[PDB]
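Below is one structure, written out as structure tokens, with a few remarks after it.
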Ligand SMILES: Cc1cc2nc3c(=O)[nH]c(=O)nc-3n(C[C@H](O)[C@H](O)[C@H](O)COP(=O)(O)OP(=O)(O)OC[C@H]3O[C@@H](n4cnc5c(N)ncnc54)[C@H](O)[C@@H]3O)c2cc1C
Ligand SMILES: Cc1cc2nc3c(=O)[nH]c(=O)nc-3n(C[C@H](O)[C@H](O)[C@H](O)COP(=O)(O)OP(=O)(O)OC[C@H]3O[C@@H](n4cnc5c(N)ncnc54)[C@H](O)[C@@H]3O)c2cc1C
Ligand SMILES: NCCCC(=O)N[C@@H]1[C@H](O)[C@@H](OC(N)=O)[C@@H](CO)O[C@H]1/N=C1\N[C@@H]2[C@H](O)CNC(=O)[C@H]2N1
């Protein structure tokens, strides 16, 4: 066929579905799948990310994606009316710097954000904390510096999904509400997709955007098991709160990224609601429910660091979702060794933000183009990337471990932190050396592996050895 | 007609249907059970565990405690009679036989130390089987050492039920006895909220925290039936990290403003943790952030650190019917009422059901319930001075239970500066009536308009009864 | 006589003694006071040459506060030549008076936003208005400090030419300079000032002796007003001075290091503050608590030692935790009841006062000494110091409303500075319940006078008999001046 | 006469001096040591007559621990007549040695369950086994205490006839009793013990003098082994004694009150503990920190003062917060490297040792003094003190595994005693990551000797050079005895 099947009905699948449907009105595009958010670019900057070449490449793509959002939103709202609600919930972001965290993360990351803004010539301003709208922190948890980032905003993800579905149907797209079980290929070319109702759908192009299940789906094809990097579940907890007085901030309020890619932010919503997020934990098997620990940490941070009024506010919903966490720390975007087989996944914290750029990239590739410059390193069929030295990762994992203390925030005898830093180094060095002679997992995954069962560690040692064998 | 489909309404519905097979009994209320206390309950069959020094210092408190001890004796046969109408696959109502009461220092000495001694004394006086045990012998618990118990009390035959399985068993038993479930609400004494009129010779109001507002519309009854407010309670269902649970109820004594910490075992790798309490002058159907954090923080530190890594399945919110004079509304009027049971209507349900059915049959029911007749002047079970001591102690207890860390001069400074404003409030509200601490704190922090409305209410009650 | 007796051997007494002795070589100047220096503020001081570092929003919101600040800036200009003139009378082995040239002010979140944020902005504004050399610097560029990350500063301010002196070396240099100028040290205390026919006759000492004098300069720190108040009518004409009891410590650092600059916060709850003053020889000074007491106290409380040490180890350097405690020091800041110093002449011919300087008499000492010596010589001394004449009705530098807002903020600041951890509703509840009792106290004390916050908190928690005695005092002052 | 020199003027030196002088009309007895009592344990002590209060599960799990406990119980019986005999040489104005008859042991949650819960049960068991008079009492019945509710005890144990002495009044009474019995106080320090032909000749003092003697008794606290170790072969034959640096304080209470009994916890992390010992005249003693140091230290650290004050104000009486700090005291508990005292004779004729008593030499003093004096007179002294002879191979009272479990528990206890507030996963993570480094250190130090936990933590955090010197020491001891 010249038929296109999109596997996955999140922001990535629907965004690629909309772009394909709008760009090839002559072809049938079918999308599979059943029934905050920050547009994070500069707010996502860390010293550690920008210290690596792969990190600077990923950041450049986030900055490119940000430029597409205003026209993208206009093109999606154009297919609806006033009563559909607004996709955009804020235009600007304030980054707050407080002392409820590690200096080695929060101080370094604040300086890195300021530098990245200046280098990109982005509009921004360091502002007086007193000039920050709405916030009412605990004085012992208050910010002493604040950074206004202009044109870095937030969307209502529910209104975005509704606008994407409406836009998909308007462009002639077909929704088939079943899951893909299997991609069929032979003679190095896609034939189509078997669905979980036993049916077969033919296609000339299959775009896999099935979140954390994307690699498991492609890895079943010959040789691909050790050629497509594994994706794990980055379980994230957020909450919808009805504010005591129905108020909200005019901007996103956030810290820089914190221990193990968690962070604190408040995204405005319409109708007296605020979104608060967000925890992150890489889990070696999926989990569908928030832990007690995750809910307490999120609520405690927001009530102390953002607004004490949230303490008396009504909890409407605890939300849980899986960030696709790629084992080498970078997304899987583009073509494979199988003609017509494409992947858009492993986007972790910022697949939603990158969605309009990733959609256009894959559509360009499908049309014989080269899409967006600088995505080549993030091709889905690859040896695991080694974006950092083992030494860099070992420094990072110990700093992030210590940051879980300072972010609590703990109160300990003053000799205890130095004692724990000293005694953490050995076990993480030993683990890294045992896992592989060539591959080192990023800190977020290394902590999950450190505290997993021996059987799960041994399975990863085997995985890493099978990848080495395949690519060397 | 029984108005209300909580434990009290269904329990009285079952007893009426089983006892008068010749009469049509219809029970009103919807599956949503808005603000429903019963589905938010663990629930503990709390008798001795509910004892406080403050309660047992009043005659009315000792009367309420005696009724709880009597109710406990009915539970085994009551459960047998409810499970008899079902099969194995309906699940078990009883979730535990025994209770361990823990004493730790994450609270006020003036509540927790006094209440532990009062529980021990009440057990000995009632000749109840119990034992002070080594904390090391308490199974399953894994507290933070800085939050750990140093004393523990095993109470034999004081257990817990699954409130959801209890409600299902009561409904099934009600239908088996020929009862009719009509899933609408009463608007007026019965006119229902679909505009219909249902005729009846008897109306039993067991509508939880809405019960007094429903009866108060009838001539003169606005100042003759004591007000009932919403004691908003937050609890949670947690799937434990390893699917384990304790063999017993684990609890503290009742704490600041009738909150408390407990874990009730459930089947299938779940535990119930509770429970916050806040008297609200208007109903609230959602947990606050503060309530969720306090509940989770207490359970993870004082009971089991493993709960920290456990999955949150459900945050539950219900309204304890909070009577303005601190005692239930049970019996006949100048029409019957079963309400204002606050923390222990579920536990007392089989006794209260049999009491009201006896009254309806021309009997005198259970001897000591006369003071708790629903049509009454507000009870004054304590002196103003006793309540002012209590409200300041409970206010300070919200600090010690957090637990806070403060400069050592601050607690005495706050005790001194709390006394005046509470004395001023009590004197302003009425020359004769004093609200119990739980309600006094809610009034202290309410709008001036809400305070003035209560001053008028108290004055209208005085005028009616004096 | 034309004899001069200086009563008191702190920085103010010795500084005025040196200036008198140097300026009137023809007269006998005798300085009273003992080596023990009981309740002595000066030996307990670091000490900071605090001008811009002492700026608060509250001080600079009052006319009297802006006047006192201008005098501190003027005093700073005298220090280099003053130190040169004092070291000149000694040799290399006497050691150096100056211990630092510059000050870093740190801003952290271990305190009330309503004090620390307001005061940091006020310091920056005062520096800009005075065209003083200064720079907001990256916290990472602050040398030596090693704070707890949860207690770390996020802003820092380098103040150039605002430094520190060793108060012990200063006192030794002043005594030596006093003797070099022909002064006589008599190590006894004054018990009584003798006056008749509106003129000083001299001083009875606590060994029973009588010393004659044409001039008596009272610089007896917190005892100064109690000494003069015995003279006819002066009990209600010289504002009361109380004890601002201050705790500091000398610490031998783990590695013998110290910072190159003063390290400090802005002034905090009830005029306490956190600072580290460099010393020679592997020692640092840490200070300093403040508590107004209605009676003198010569020993640190447990609370004061814990708070000082806890703040320094978390906010400045965790290495201080393992450092050796050499000395806990206690002195009395002379705390004037109306919040301003007592400097100049009286209705008694030849009777002068130099006191009530609270936190900054050591810094102002060379200016105050020259002012009083000018007055004694028939001059007008320094222009803005006439308002701080010792014989006066109590100053009312703030409205009752301003003081009531201040006392509640400072009370709440004692929580945030601890720092406490409380349920989030508790602070608002305590703010609400503090307002009434402080308003009631202020209204009860007097219809016209309001004590500043530092003294109002001491009175709030004093005995009923002490409150009633102050009500009588305020009524007697009103009667005398109205 | 046949001269005896006692080296050291603590409780052990003076107690042996008194017994010799009273018992031996044939000997001239001279006692060395200065009034300053540098590093002196005795003057820093409260002191508790600790027998049952000193019981821990860990001590009573070893044979050597049960032997030491039996001796403490025996020592208690001697105190009433000993005190009578010392006060007899003075008058009313000298003050009373005994300050309390009874002890209350409190159990709170400001500590590790693995120490405080185990130790409370061990104390109860030891009391019952000895048939000692005692009673578990309601906490509400404990007089005087006013703890923070979050730091309060939930169990309390009254121990009858286990009391306290004023260590200062004891030292004064011992000196006076020594002089009355014809003893000579020579206020200089020994620099060197002179011996030849396997016999003591006497002592070179730090004023350059030589004092001849037939007997030298070394009771120089933590300096005792370093003084004897210079003699041929004795460096590896007398177990090392380190400084168990202890911080205590004298506090004048806010109202001049005090408790009628000793108030204490069981022994806590690394042999620290919390106690209040009554004193006369509106004073209380609070103690006491412990830290084994490889070199002597004569000053409290900031950390030690904060921890001691914080524990006492929260766990015993909040009124201490507002009380006046009169004195911070520092002394060295003689900490033997093998965990047991050094009491009796040596391979050198006339050379005796009384040291390494750590926490309870003052309590054991009358028994230890009589033991050594009996030995000097050709007697056999007290049964069961032979195992603690000073010239010995290091004792191994516990398995390496027992000590490794103990050191990790004690390390974790430093967190719970603070008390810290941490994420709930952190303690298990720290327990896991502490095991490896302590196992590695223990294996590296020696194939045969394991230092007890108190010393192992000090070695773990010492310089590499200090660790290597101890590896050599242990190897030289092995070579000498095997
Ligand atoms: C903890 C602390 C920290 C400080 N830090 C600083 C700082 O950083 N910078 C700064 O500028 N200043 C500082 N100060 C000091 C402050 O400036 C004081 O206002 C100043 O030292 C007051 O000096 P004085 O000479 O008036 O009083 P004192 O220094 O108290 O001297 C008065 C002397 O007179 C003696 N005396 C009392 N009665 C009699 C009598 N009857 N007869 C004779 N003699 C008598 C007293 O014993 C005493 O020695 C600090 C003070 C304290 C307590
Ligand atoms: C903080 C603290 C609290 C304590 N609490 C208690 C308690 O409650 N109960 C209890 O029983 N015990 C207590 N102790 C003391 C403990 O029992 C000690 O083991 C005991 O005091 C040791 O006495 P000593 O005479 O061996 O040593 P020390 O008391 O140290 O006496 C040795 C003396 O010899 C001197 N000396 C050193 N070198 C020389 C030399 N070369 N020549 C001459 N003299 C020299 C020293 O200066 C010193 O004065 C406590 C100790 C401390 C530090
Ligand atoms: N704020 C970051 C969230 C992720 C995180 O901190 N993970 C931790 C770490 O891997 C490690 O702890 C620290 N503090 O470094 C580890 C210690 O065992 O615990 C992880 N967190 C948990 N992982 C545990 C399991 O999911 C089940 N039980 C729990 O309690 C869960 N908690």
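Chains as they are written, first to last, in PDB author numbering: chain C, 10 to 44, 55 to 491; chain D, 14 to 202, 212 to 356, 360 to 491; chain B, 10 to 491; chain A, 10 to 491.
Positions of the beta carbon are idealized from the N, C-alpha and C atoms, including for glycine.
Secondary structure of residue 295/A, DSSP reduced to three states: strand
Closer than 9 angstroms to chain C by CB, residue 432/A: yes
9 angstroms Cβ cutoff met for residue 338/C and residue 115/C: At a Cβ-Cβ threshold of 9 angstroms, residue 338/C and residue 115/C do not count as neighbours.
Element boundaries [beta strand (DSSP E), containing residue 122/D]: Premise fails: residue 122/D lies in the alpha helix (DSSP H), 122–138, not in any beta strand (DSSP E).
Residue 43/B CB to nearest heavy atom of ligand 1 below 8 angstroms: yes
Option nearest residue 454/C by Cα separation, candidates 78/C, 308/C, 473/C, 432/C: Of the listed residues, the one whose Cα sits closest to residue 454/C is 473/C.
Within-9 angstroms CB hit, residue 380/D to chain A: no
Cβ neighbours of residue 151/B in the same chain (closer than 6 angstroms, five flanking residues each side left out): 113, 165
Any chain B beta carbon closer than 9 angstroms to residue 312/A: Closer than 9 angstroms to some Cβ of chain B, the Cβ of residue 312/A qualifies, so yes.
Any non-hydrogen atom of ligand 2 closer than 8 angstroms to residue 18/A Cβ: yes
DSSP-derived helix/strand/coil call for residue 233/C: helix
Start-to-end residues for the beta strand (DSSP E) that takes in residue 143/B: 143–146
Proximity test, Cβ basis, 9 angstroms: residue 450/D and chain B: no
Proximity below 9 angstroms, CB of residue 174/B to CB of residue 56/B: yes
Check: residue 21/B C-beta below 8 angstroms from any heavy atom of ligand 1: Ligand 1 approaches residue 21/B closely enough that one of its heavy atoms is under 8 angstroms from the residue's Cβ.
Near ligand 1: residue 198/B beta-carbon under 8 angstroms from a heavy atom: yes
Residue 140/C classed as buried or exposed, judged by whether at least 16 other C-beta atoms fall within 10 angstroms: exposed
Residue-level contact to chain A via CB, residue 439/C, 9 angstroms cutoff: Yes, residue 439/C lies at the interface with chain A (some Cβ there is under 9 angstroms from its Cβ).
Residue 360/C - containing beta strand (DSSP E), residue span: 360–364
Reference residue 154/D, options 127/D, 117/D, 177/D, closest by Cα: 117/D
Minimum Cβ-Cβ distance from residue 331/C to chain B less than 9 angstroms: Taking 9 angstroms as the threshold, the shortest C-beta distance from residue 331/C to chain B falls below it.
Contacts that residue 420/C makes with chain B (C-beta to C-beta distance below 8 angstroms): Listed along chain B is no residue with a C-beta nearer than 8 angstroms to that of residue 420/C; the closest approach is about 14 angstroms.
Proximity test, Cβ basis, 9 angstroms: residue 218/A and chain B: no
In chain order, each beta strand (DSSP E) run of at least 3 residues that lies wholly inside the region 275–359 of chain C: 284–287, 292–296, 300–302, 333–345, 351–354
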